[PDB]
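Below is one structure; the comments refer to it alone.
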Amino acid sequence: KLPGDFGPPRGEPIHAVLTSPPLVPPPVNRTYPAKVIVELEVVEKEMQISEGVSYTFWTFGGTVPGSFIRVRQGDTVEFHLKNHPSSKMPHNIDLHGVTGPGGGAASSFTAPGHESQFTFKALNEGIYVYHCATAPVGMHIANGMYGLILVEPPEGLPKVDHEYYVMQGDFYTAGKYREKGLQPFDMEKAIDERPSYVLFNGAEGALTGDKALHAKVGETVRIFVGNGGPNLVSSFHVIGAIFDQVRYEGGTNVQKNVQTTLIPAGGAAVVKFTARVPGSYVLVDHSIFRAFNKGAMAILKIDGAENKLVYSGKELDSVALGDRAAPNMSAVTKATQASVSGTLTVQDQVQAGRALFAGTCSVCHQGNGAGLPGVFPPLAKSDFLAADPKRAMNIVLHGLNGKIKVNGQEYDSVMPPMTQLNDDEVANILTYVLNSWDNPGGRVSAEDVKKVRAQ
Amino acid sequence: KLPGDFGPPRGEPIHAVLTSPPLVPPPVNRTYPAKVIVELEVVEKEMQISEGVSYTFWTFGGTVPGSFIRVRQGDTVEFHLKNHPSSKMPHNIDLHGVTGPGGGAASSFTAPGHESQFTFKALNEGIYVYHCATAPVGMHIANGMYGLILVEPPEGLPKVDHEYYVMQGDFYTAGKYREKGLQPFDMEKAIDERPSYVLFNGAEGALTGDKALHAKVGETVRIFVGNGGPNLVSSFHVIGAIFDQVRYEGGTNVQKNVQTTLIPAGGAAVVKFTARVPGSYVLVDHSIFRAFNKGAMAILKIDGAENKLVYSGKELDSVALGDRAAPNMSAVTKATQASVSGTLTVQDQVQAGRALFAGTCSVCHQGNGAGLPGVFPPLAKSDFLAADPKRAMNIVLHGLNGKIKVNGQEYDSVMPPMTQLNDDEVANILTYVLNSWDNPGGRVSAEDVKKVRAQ
Amino acid sequence: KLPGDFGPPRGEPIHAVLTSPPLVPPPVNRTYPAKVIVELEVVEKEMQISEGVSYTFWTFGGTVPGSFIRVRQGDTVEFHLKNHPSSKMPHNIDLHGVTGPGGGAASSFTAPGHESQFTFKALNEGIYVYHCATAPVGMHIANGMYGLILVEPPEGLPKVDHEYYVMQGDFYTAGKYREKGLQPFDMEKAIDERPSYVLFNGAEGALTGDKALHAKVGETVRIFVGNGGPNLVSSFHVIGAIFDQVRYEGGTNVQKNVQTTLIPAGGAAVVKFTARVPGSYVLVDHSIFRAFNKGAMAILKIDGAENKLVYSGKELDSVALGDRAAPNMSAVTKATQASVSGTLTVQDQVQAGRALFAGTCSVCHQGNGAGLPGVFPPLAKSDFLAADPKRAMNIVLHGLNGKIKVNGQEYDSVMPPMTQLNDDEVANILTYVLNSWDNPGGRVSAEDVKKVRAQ
Ligand code: HEC
Ligand code: HEC
Ligand code: HEC
Ligand SMILES: [Cu+2]
Ligand SMILES: [Cu+2]
Ligand SMILES: [Cu+2]
Ligand SMILES: [Cu+2]
Ligand SMILES: [Cu+2]
Ligand SMILES: [Cu+2]
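So the sequences go chain by chain: D, H and Y.
Numbering of the first sequence is given in the numbering used here, commencing with residue 3 and proceeding in unit increments.
Numbering of the second sequence is given in the numbering used here, commencing with residue 3 and proceeding in unit increments.
Numbering of the third sequence is given in the numbering used here, commencing with residue 3 and proceeding in unit increments.
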């Protein structure tokens, strides 16, 4: 026998129902091998990789990651790849778990407006990455051409309350993190393995705030976790919880009771979580600058009764989650669009700066700008801020130390530089502060900050 | 007892037969512990790390990786290290799996023209990296000073049809990838972990094309897989197949049925593959820019009958394998040598450009230059190419977009920039295109391209 | 049941005794669940990250890594975090192994001079990283805010002879490796994952020479191994030995008989070592430029009888361990302090250069400067050195090749450049050589070298 030796296909041909992230198709719930027809279409399109930041993604099914495919070990899969006629590039597919050269690549080569097909038997149970394998392969994967296929064991997976679909990728923009506008792919950064963004499901905030995954206290969650790369290895981790089980691809080995697990580039794992106490559980790449400086954070939000005997503490806030504690940062998108249109108002800037102030400034100056007398000076009704708004731009870009006097009190501390903030971000944060807490109002422009940065 | 407590050496002293990659010594096939005498000589020498690219390697036994050593758990090993008198540097050896300080390092210190010896008992079964441990250690490992020793279990490994020897390394050249000439080691890139090449067995194409590993449908293959580093961790992966078994060093744990496995820097694994359908199975570091932009791809070629019930698709071609689909790129070596000699002919350039055109240009313009009317413009009998050969140099270096007219048809698409191509590569590709498909002939020089790149 | 369902706390409340690295609290040795009160204080302070190199660390309990916490699965932990009033920054804590949002983060937010508390039940047995989770999280972790908590299984761990505490971190200084002075945190290098130092226990040499860990032949050692990151994954390895067992966090899976093991960023493992033969066993990150160029090396020194049947070789020396073979490099600290004070003597420079010469120069020129006639020229009574001390500065910075004559003998070899040596290091090494072996004496200044480097 080969593995997956369950006989020829029986029953009727099945048209696979594919799902967009973060959702998963229902279990196949089948005791016989089937001919499964899969139809997947490549679409090239602009999407928001961050608020006010567009990127030309190349997608399987219009999403990053691509549509989720779910079949049964021993199935015969008739794979149809279409390339939308709006595409500029040819594309193909390499599915992990396929037995045969290129995992489908040579037979699935598809020009814009064409369709290709190949047939394979799913011999190998497991969770598997699929991706484009068109020269230059790294460019296609970097632009978002990856997803997951699940080959179920014949008896199916154990029932759980929720199944979700989460995939990490590293992304390479010409511009710096959160630099606004349409950002080209940067080949130099990709070859050097120096990503500008590291993301779950193709965007900053794709799985935070009002887009969090949900479950209730007492329920079981299974997450199909992919690492599309192209280049990075994920120190994949859940903050404040533990995985009951971690199983890689279709491996025989199952690790139980771990919190931190390494997912290779092109790798995939099935993780199981039991909800015990309510709150936000953060999925991160624990290579920490990825999670906290490049976007690599997703949320599983658990609702239900607190258990003070297990955990007496509060729900996560802007101290740890920064500007992603809030439901969304839609005001940044709106302020960026208004800048492009030449219609940016003070209130556009105030609402964008309000979103960006959380964590970034609030951890020390507080959400109300009061600070802590003698320790963190106030931004609320600040005489020092009002006396010199241009000095305030320098303070954000280049930091501040030494003795100062604010509202009649001496400070002798250190505010670190925040030079990685973009000109629009500094301008919008300071406009928010000037228009809050009885401050004098007016505005700071991106152009004002550009000139102070240039020194 | 210590582990490997099999008594004193018996029988006759055995002179170990060492093998060069990718071959392995035969199984020891022995029921008693032996005194094994190992003789390994360090040689410093220039070799081709890529076509027309030389590098001064430092080698154990004249190869990268070094000669394969095969002994039995419980053996007494008398290790002789010689340093060839042509060497400039002192060398030594640290074998993983040795019980004792430095794994041999202090007692194996060997100046040019000298010999050292130390004795160790092989207590620990497993596959193990050995490497040089001479200050500065990273420089010696970076220049190729690593290989594998297998310590067999007393009963031997299970029989297989083929055993092969494959070792990844990261390499640091002063010049960029495929920049021609003798390339010095670059300490700055090595300290930053920014390799110019990531290779299997010490060269681009060492295990591709006419140097592929072979087996037949139905046969079992065991690969001894090393990661010499110095710095990178391999997302080690087989395209289009699965590993029956993966076992790290002499670990008790064996993973079964996985496709993608992380091999630490200085780590080693034994993988087992069963051949099911014919074609090329690609071994890669799935940190994808390594595999597709820095050389990290090897081939296991399976011959035998197709099974359309398991896989209906075609053998891999230049779409996925690029310029390594072909048997070899010997024309690039020959054109580089002719440039050095000042004897470079048009035909030298044409044959080199023919090799480099595969994948790099052919994925969109086709192997015959016809393109796809209205989608990818033709290079065959191209009026647009002929009208301005200098514009063609700019197009390759800097890309092209917007409306153009080629052979009476409008195109409105995007050709990405290919600025990572070296001046000789652009010149040779364009000379190939000009001398093919009824194009006007003539030639483009490396110097022509240097001037266009300088703008 | 939840896991760790051992009933309510019994007995008396226990004030946890915490230990500084590399020591561990004694086993809890308890058959009942307890209320454990933990008190940990954040201190910001300058410490030596290398000889003559200061850094402002942020610490849990005044050390990097932070104080070790030891409790029993099923314990109720009342966690008190104090922030010393000298602190400039707010801090908090996220303990892996805590069941609840942020692992403690929202409830442990603590301004300078304040205290916070939260209670959690230790449901999950294992070894776990804890760290600060205050925006910007990567900055706090990069400055040293991490350590380990052990949650014992109810029956306790198996008895061993020694338990030690070793934690890797990556560090980001504005200055280059071993550049002297107070070094600021460098956000740009941290975001790029380009550390200047990779260290065990917060400093170069923290666990080498006279600070090595100890045990005797025949004894068992358990090491609690953390990777605080923030960014790097450790190819964690013991030179010249094997781990009996490696267990990650509280995972069910235990790997036995491995030498090289990958520890994720934010991960932790318990390793077990049996001492077989005497000597220094080096713990490294086998991403080799970290271990040999950035400080990532620690020593377990085994005393006892040699066993020539297992290993005939010598103890490690400066060939493999370089300048860390010696007990300490205190002369470098003293010479750096004397430079700051403007009191640097020739003898200050000689003793610092003596420390730095080991490995760096001695591997080729020998510890006595004799070299090897015709192969490595002498530094002892060197006519070539004496004839031009300025040429000697160029040779160290930029290397030397080609035919030379030294003390009546021709050399035709290659000395690699050592441009990564700092101006003070070149000046002190050459002053050592000039004042040794009947050389003419005098001195080379850091300023002399600065001018030669500037060309
Ligand atoms: C702690 C880590 C802080 C963060 C984050 C931010 N700021 Fe700050 N800021 C902080 C200190 C300790 C000080 C005083 C420094 C000293 O020399 O003692 C400051 C100072 C300012 C000021 C000027 C003083 C005042 O008006 O109160 C301004 C205008 C200011 N900070 C603004 C500001 C903004 C907008 C922030 C986010 C972008 C921000 N700060 C972050 C401590 C900390
Ligand atoms: C697809 C990803 C392509 C690859 C790889 C290469 N080329 Fe290309 N090329 C492509 C397009 C879509 C276009 C037209 C762009 C537009 O504005 O619509 C081009 C154009 C050229 C041209 C000029 C037009 C012509 O003569 O047909 C030349 C001379 C050319 N391309 C050459 C070329 C070479 C030599 C390549 C490898 C080095 C190469 N191209 C790659 C699409 C793609
Ligand atoms: C081997 C890897 C070496 C290391 C490490 C260092 N040196 Fe060296 N040095 C070496 C060689 C082979 C040569 C001769 C090169 C040639 O062209 O043949 C040298 C030369 C020098 C010299 C000049 C000659 C002499 O006086 O003997 C000096 C002053 C010198 N080397 C000093 C030196 C110092 C101070 C080192 C550590 C910083 C050092 N060398 C390292 C080989 C090697
Ligand atoms: Cu594609
Ligand atoms: Cu793949
Ligand atoms: Cu060597
Ligand atoms: Cu090693
Ligand atoms: Cu902190
Ligand atoms: Cu953490």
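Beta carbons: idealized from backbone N, C-alpha and C, even for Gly.
Legend entry - Residues near D/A394 in its chain [Cβ-Cβ closer than 7 Å; skip 5 each side]: Taking the first residue of the first sequence as 1, we reach residue 394 of chain D at position 392. So the qualifying residues of the chain are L387, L432.
Inset, instruction - For Y/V428, verify whether its CB is less than 7 Å away from any heavy atom of ligand 7. - result: Reading the third sequence from its first residue, position 426 is the one you call residue 428 of chain Y. No, the Cβ of Y/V428 stays beyond 7 Å of every heavy atom of ligand 7.
Inset, instruction - Give the range of the alpha helix (DSSP H) segment to which H/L399 is assigned. - result: Taking the second sequence and counting its residues from 1, the one referred to as residue 399 of chain H is at position 397. Note, H/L399: alpha helix (DSSP H), 391–400.
Legend entry - Minimum Cβ-Cβ distance from D/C134 to chain Y less than 8 Å: The count along the first sequence starts at 1 and reaches residue 134 of chain D at position 132. For D/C134, no CB of chain Y lies under 8 Å from its own CB, so it is not counted at the interface with that chain.
Legend entry - Alpha-carbon to alpha-carbon, H/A135 and D/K392: Here residue 392 of chain D corresponds to residue number 390 of the first sequence, with the count starting at 1. Here residue 135 of chain H corresponds to residue number 133 of the second sequence, with the count starting at 1. Our two residues, D/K392 and H/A135, have alpha carbons roughly 56 Å apart in a direct line.
Legend entry - C-beta atoms of H/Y313 and H/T175 nearer than 8 Å: Translated into the one-based positions of the second sequence, residue 313 of chain H becomes position 311. Translated into the one-based positions of the second sequence, residue 175 of chain H becomes position 173. The answer is no: Cβ separation not under 8 Å.
Legend entry - As assigned by DSSP and simplified to three states, the class of H/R196: For the purposes of this step, residue 196 of chain H is taken as residue 194 along the second sequence, with counting starting at 1. The DSSP-derived three-state label of H/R196 is coil.
Legend entry - Limits of the unbroken beta strand (DSSP E) element including Y/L432: By 1-based counting over the third sequence, the position of residue 432 of chain Y is 430. Going by DSSP, Y/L432 is part of no beta strand (DSSP E) but of the alpha helix (DSSP H) stretching over 425–436.
Inset, instruction - Please state if the CB of D/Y167 and the CB of D/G230 are separated by a distance shorter than 8 Å. - result: Counting from 1 along the first sequence, the entry for residue 230 of chain D is found at position 228. Counting from 1 along the first sequence, the entry for residue 167 of chain D is found at position 165. Against a cut-off of 8 Å, the Cβ pair of D/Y167 and D/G230 comes out as no contact.
Inset, instruction - With a 10 Å radius around its C-beta and 16 neighbouring C-beta atoms as the bar for buried, classify Y/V19 as buried or exposed. - result: Looking up residue 19 of chain Y in the third sequence gives position 17. When all chains shown are included, Y/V19 counts as exposed.
Legend entry - Cα-Cα separation between H/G401 and H/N441, rounded to whole angstroms: Here residue 401 of chain H refers to the residue found at position 399 of the second sequence. Here residue 441 of chain H refers to the residue found at position 439 of the second sequence. The straight-line gap from Cα to Cα measures roughly 21 Å.
Legend entry - Among Y/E190, Y/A322, Y/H98, Y/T121, nearest to Y/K37 - alpha-carbon criterion: Within the third sequence, residue 37 of chain Y is the residue found at index 35, counting from 1. Residue Y/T121 is the option with its Cα nearest to Y/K37.
Inset, instruction - Establish whether the CB of D/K258 and some CB of chain Y are separated by less than 8 Å. - result: The residue given as residue 258 of chain D occupies position 256 in the first sequence. So yes, D/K258 belongs to the interface.
Inset, instruction - With Y/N295 as the anchor, note down where its alpha helix (DSSP H) starts and where it stops. - result: By one-based count along the third sequence, residue 295 of chain Y stands at place 293. Y/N295 -> alpha helix (DSSP H) spans 290–295.
Inset, instruction - Determine the direct distance from the alpha carbon of H/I241 to that of H/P280, and round the result to whole angstroms. - result: Against the second sequence, residue 280 of chain H aligns to sequence position 278. Against the second sequence, residue 241 of chain H aligns to sequence position 239. Whole-angstrom Cα-Cα distance: 13 Å.
Inset, instruction - Report buried or exposed for Y/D426, applying the criterion of at least 16 other Cβ atoms within 10 angstroms of its Cβ. - result: Sequence index remark: in the third sequence, residue 426 of chain Y carries index 424 (1-based). With 16 or more other Cβ atoms inside 10 Å of its own Cβ, Y/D426 counts as buried.
Inset, instruction - Would you check if the segment 179–188 of chain D and the segment 113–129 of chain D touch, i.e. whether three or more CB-CB distances between them fall below 8 Å? - result: A contact is defined here as three or more CB-CB pairs under 8 Å, and the segment 113–129 of chain D fails this definition with respect to the segment 179–188 of chain D.
Legend entry - Alpha carbon of Y/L25 to alpha carbon of Y/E165, nearest angstrom: Start at 1 with the first residue of the third sequence, and residue 25 of chain Y comes out as number 23. Start at 1 with the first residue of the third sequence, and residue 165 of chain Y comes out as number 163. Rounded to the nearest angstrom, the two C-alpha atoms are 7 Å apart.
Inset, instruction - Assuming D/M169 and D/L152 form a contact by the criterion Cβ under 8 Å, report the distance between their Cβ atoms to the nearest whole angstrom. - result: Within the first sequence, residue 169 of chain D is the residue found at index 167, counting from 1. Within the first sequence, residue 152 of chain D is the residue found at index 150, counting from 1. D/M169 to D/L152, Cβ: 13 Å. No contact.
Inset, instruction - Apply the 10 Å Cβ neighbour rule to D/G207 and answer buried if 16 or more other Cβ atoms are within range, or exposed otherwise. - result: As a first step, residue 207 of chain D must be located in the first sequence, where it is residue number 205. So D/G207 counts as buried.
Legend entry - Rounded distance between the beta-carbons of Y/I51 and Y/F173, thought under 8 Å: Taking the first residue of the third sequence as 1, we reach residue 173 of chain Y at position 171. Taking the first residue of the third sequence as 1, we reach residue 51 of chain Y at position 49. The C-beta distance from Y/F173 to Y/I51 rounds to 6 Å, short enough to meet the 8 Å contact threshold.
Legend entry - Cβ-based neighbour list, Y/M417, same chain, cut-off 8 Å, excluding 5 preceding and 5 following: Working through the third sequence from its first residue, we reach residue 417 of chain Y at position 415. Correct list, in chain order: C366, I397, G401, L402, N403.
Inset, instruction - Let me know if H/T421 comes out buried or exposed under the rule of 16 or more other beta-carbons within 10 Å of its beta-carbon. - result: Taking the second sequence and counting its residues from 1, one reaches residue 421 of chain H at position 419. So H/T421 counts as exposed.
Legend entry - For H/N229: DSSP bridge partner residues: Counting from 1 along the second sequence, the entry for residue 229 of chain H is found at position 227. In DSSP, H/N229 forms a bridge with H/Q170.
Legend entry - Selection of the segment 236–269 of chain D by Cβ proximity to chain Y, strictly under 9 Å: Answer in chain order: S236, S237, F238, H239, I241, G242, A243, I244, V248, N255, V256, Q257, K258, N259, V260, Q261, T262, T263, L264.
Inset, instruction - On the DSSP bridge assignment, give the partners of D/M49 in chain order. - result: Here residue 49 of chain D is taken as the residue at index 47 of the first sequence, counted from 1. DSSP lists D/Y57 as partners of D/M49.
Inset, instruction - Within the same chain, show all residues whose beta-carbon is closer than 7 Å to that of Y/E308, passing over the 5 residues directly before and after it, in chain order. - result: Your numbering for residue 308 of chain Y matches position 306 in the third sequence. For Y/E308, where only same-chain residues beyond five positions count, the Cβ hits under 7 Å are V279, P280.
Inset, instruction - Taking only beta carbons into account, state which residues of the segment 278–302 of chain D come closer than 7 Å to chain Y, listed in chain order. - result: Per Cβ criterion, the list reads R278, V279, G281, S282, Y283, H288, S289, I290, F291, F294, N295.
Inset, instruction - Please check if any C-beta of chain Y sits within less than 8 Å of the C-beta of H/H98. - result: Your numbering for residue 98 of chain H matches position 96 in the second sequence. Closer than 8 Å: yes.
Legend entry - Cβ contact check for the segment 233–252 of chain Y and the segment 277–297 of chain Y: 3 or more pairs under 8 Å: Under the three-pair Cβ rule at 8 Å, the segment 233–252 of chain Y counts as touching the segment 277–297 of chain Y.
Legend entry - Member of D/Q261, D/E46, D/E251 whose CA lies at the smallest distance from the CA of H/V260: The residue labelled residue 260 of chain H in the question sits at position 258 within the second sequence. The residue with the shortest Cα to Cα distance from H/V260 is D/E251.
Inset, instruction - Would you identify the three-state DSSP class for Y/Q185, choosing helix, strand or coil? - result: The sequence position of residue 185 of chain Y within the third sequence is 183, counting from 1. In the structure shown, Y/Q185 sits in a strand (DSSP, three-state: E or B).
Inset, instruction - Please confirm if Y/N233 has its CB atom under 8 Å from at least one CB of chain D. - result: The count along the third sequence starts at 1 and reaches residue 233 of chain Y at position 231. Flagged as an interface residue toward chain D: Y/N233, by a C-beta distance shorter than 8 Å.
Inset, instruction - Determine, using beta carbons only, whether H/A429 and H/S415 come nearer to each other than 8 Å. - result: For the purposes of this step, residue 429 of chain H is identified with residue 427 of the second sequence, where counting begins at 1. For the purposes of this step, residue 415 of chain H is identified with residue 413 of the second sequence, where counting begins at 1. At least 8 Å separates the beta-carbon of H/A429 from that of H/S415.
Inset, instruction - Return yes when the C-beta of Y/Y413 is under 7 Å from any heavy atom of ligand 3, and no when it is not. - result: Position 411 of the third sequence, counted from the start, is the residue given in the question as residue 413 of chain Y. Result yes, Cβ under 7 Å from ligand 3.
Inset, instruction - Assign Y/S88 to one of two classes, buried (16 or more other C-beta atoms within 10 Å of its C-beta) or exposed (fewer than that). - result: Here residue 88 of chain Y is taken as the residue at index 86 of the third sequence, counted from 1. Y/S88 should be labelled exposed.
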